[PDB]
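Notes follow the structure.
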Amino acid sequence: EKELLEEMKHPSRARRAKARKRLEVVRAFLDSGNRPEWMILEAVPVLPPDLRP
Amino acid sequence: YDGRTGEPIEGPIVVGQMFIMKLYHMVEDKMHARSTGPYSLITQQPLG
Amino acid sequence: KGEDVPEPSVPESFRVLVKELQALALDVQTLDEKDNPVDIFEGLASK
DNA sequence: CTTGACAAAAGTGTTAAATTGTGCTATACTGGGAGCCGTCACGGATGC
DNA sequence: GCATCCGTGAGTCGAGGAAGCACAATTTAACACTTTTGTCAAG
């Protein structure tokens with residue numbers, strides 16, 4: 001987040017647009033309390049059998 | 001003439017013989033009601 | 001019995017929604033006024 | 001409040017069939033196969 | 001900045017519903033014997 005904020009001061013609009021999009025995802029993970037590695041599954045949940053009868 | 005009063009209709013009426021068909025859509029096959037009945041497996045909502 | 005129908009409860013389709021969302025590894029939780037979890041499964045799914 | 005007698009009825013121990021799971025075949029074989037096809041619109045996405 | 005591609009979206013009810021084989025390991029069907037109710041007289 002600190003590097004993205006520093007790059008947010010770049011004069012180029014495309015650089016600021018790219019940094020903002022990355023920072024928005026970073027801010028979402030920081031505020032929510034989720035961990036980025038949770039996006040990779042180590043255990044797959046299995047639906048209850050009555051919902052897949 | 002009007003069969004209820006016996007008086008004529010105030011204007012002459014186009015009367016003739018026309019060929020009319022009874023179509024396959026009948027209210028006997030379409031009327032349906034339901035208070036309770038079968039329910040779906042997963043959603044448990046009524047069937048259709 | 002000649003009585004007025006009772007107050008309804010949570011639909012079973014919403015329960016199907018939660019479990020199908022959980023099968024996608026998404027933690028969907030129903031909260032109360034104080035942000036505390038509320039069990040809509042009547043204790044039947046808690047270990 | 002019982003007290004013995006009996007008669008099924010469920011429980012237990014062997015016992016064999018019947019079913020189910022697994023290993024094994026020795027001439028030489030060495031890169032798949034159906035896709036084939038009449039919309040049009042938007043937003044977005046790196047790419048350049 | 002600009003084609004090009006990828007993705008997503010496009011009304012509601014109804015009514016239609018191609019090996020075999022041997023051998024081992026495991027489960028299951030039958031009995032045979034107890035142990036336990038269930039049901040009687042006796043009170």
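Note on naming: letters A, B, ... go to the chains in the order of the sequence lines (proteins, then strands), and numbering restarts at 1 for each one. No hydrogens, no waters, no symmetry mates; every other heavy atom, side chains included, goes into these values.
Between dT15(D) and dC31(E), the two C1' atoms lie 9 Å apart (nearest whole Å). Separation of the P atoms belonging to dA15(E) and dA34(D) is 42 Å when rounded to the nearest angstrom. Going from the P atom of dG35(D) to that of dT8(E) covers 24 Å, rounded to whole Å. Comparing the P positions of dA3(E) and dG38(D) gives a spacing of 24 Å, expressed to the nearest Å. Distance check on atom P: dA5(D) versus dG43(E) gives 14 Å, rounded to whole Å. Here the separation of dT20(D) from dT26(E), taken at their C1' atoms, is 7 Å to the nearest Å. Using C1' as the reference atom, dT12(D) and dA29(E) are 16 Å apart when rounded to the nearest Å. Using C1' as the reference atom, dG4(D) and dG38(E) are 15 Å apart when rounded to the nearest Å.
At whole-Å resolution of the value, OH in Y24(B) and P in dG14(E) are 18 Å apart. As a whole-Å value, the separation of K30(B) NZ from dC13(E) P is 17 Å. Taking atom NZ on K21(A) and atom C1' on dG43(D), their separation rounds to 13 Å, with Å as the unit. Atoms NE2 (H32(B)) and P (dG16(E)) sit 12 Å apart, rounded to a whole Å. The distance from atom CE of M31(B) to atom P of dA15(E) is 14 Å, rounded to the nearest whole Å. At whole-Å resolution of the value, CZ in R22(A) and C1' in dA45(D) are 17 Å apart. In this structure, CG of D29(B) is placed 14 Å from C1' of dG16(E), rounded to the nearest angstrom. Regarding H25(B), its NE2 atom lies at a distance of 16 Å from the P atom of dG14(E), rounded to whole Å.
The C1'-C2'-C3'-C4' dihedral of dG33(D) is negative. Its furanose therefore counts as south. For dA24(E), the sugar pucker falls south, since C1'-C2'-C3'-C4' comes out negative. When the pucker is read from the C1'-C2'-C3'-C4' torsion, the sugar belonging to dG16(E) turns out north, on the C3'-endo side. Sugar conformation at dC6(E) is south: the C1'-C2'-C3'-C4' dihedral has a negative sign, consistent with the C2'-endo side. Judged by the sign of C1'-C2'-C3'-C4', the furanose ring of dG43(D) adopts a south, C2'-endo-like conformation.
Shown here, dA26(D) is classed anti by the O4'-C1'-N9-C4 or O4'-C1'-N1-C2 angle, which is more than 90° from 0.
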Could you pull out all donor-acceptor pairs under 3.5 Å where a side-chain atom in residues 29-49 of chain A meets a protein atom, sequence neighbours excluded?
from, atom 1, to, atom 2, distance (Å)
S32(A), OG, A28(A), O, 2.9
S32(A), OG, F29(A), O, 3.4
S32(A), OG, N34(A), N, 3.3
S32(A), OG, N34(A), ND2, 3.2
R35(A), NE, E37(A), OE2, 3.4

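Remark: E12(C) engages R15(C) in a salt bridge (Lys or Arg N to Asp or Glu O under 4.0 Å) (not counting sequence neighbours). Every residue was checked against the salt bridge (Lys or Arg N to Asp or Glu O under 4.0 Å) condition with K2(A), not counting sequence neighbours, and none meets it. For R4(B), the salt bridge (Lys or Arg N to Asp or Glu O under 4.0 Å) partners at least two apart in sequence or on another chain are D2(B). In terms of the salt bridge (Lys or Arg N to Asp or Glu O under 4.0 Å) criterion, residue partners of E7(A) (sequence neighbours excluded) are, by chain and number, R15(A).
The shortest distance between side-chain heavy atoms of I40(C) and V18(C) falls below 4.5 Å. Residues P46(B) and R34(B) are in side-chain contact: their nearest non-hydrogen atoms beyond the backbone lie under 4.5 Å apart.
The distance from atom OG1 of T30(C) to atom CG of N36(C), rounded to the nearest 0.5 Å, is 11.0 Å.
Stem regions for DNA chain D, each three or more consecutive Watson-Crick or G-U pairs with both distances under 3.5 Å and listed by first number, read D:1-4 with E:40-43, D:6-14 with E:30-38, D:16-18 with E:26-28, D:20-25 with E:19-24, D:39-45 with E:4-10.
A cation-pi contact links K19(C) to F41(C), judged by a cut-off of 6.0 Å to the six-membered ring centre and 45° from its axis.
Legend: unstacked base step between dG31(D) and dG32(D); six-membered ring centres and planes not within 5.5 Å and 30° respectively. Stacking between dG21(D) and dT22(D) holds, as the six-membered ring centres sit under 5.5 Å apart and the ring planes differ by under 30°. Neighbouring bases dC37(D) and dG38(D) form no stack, their six-membered rings failing the under 5.5 angstrom centre or under 30 degree plane limit.
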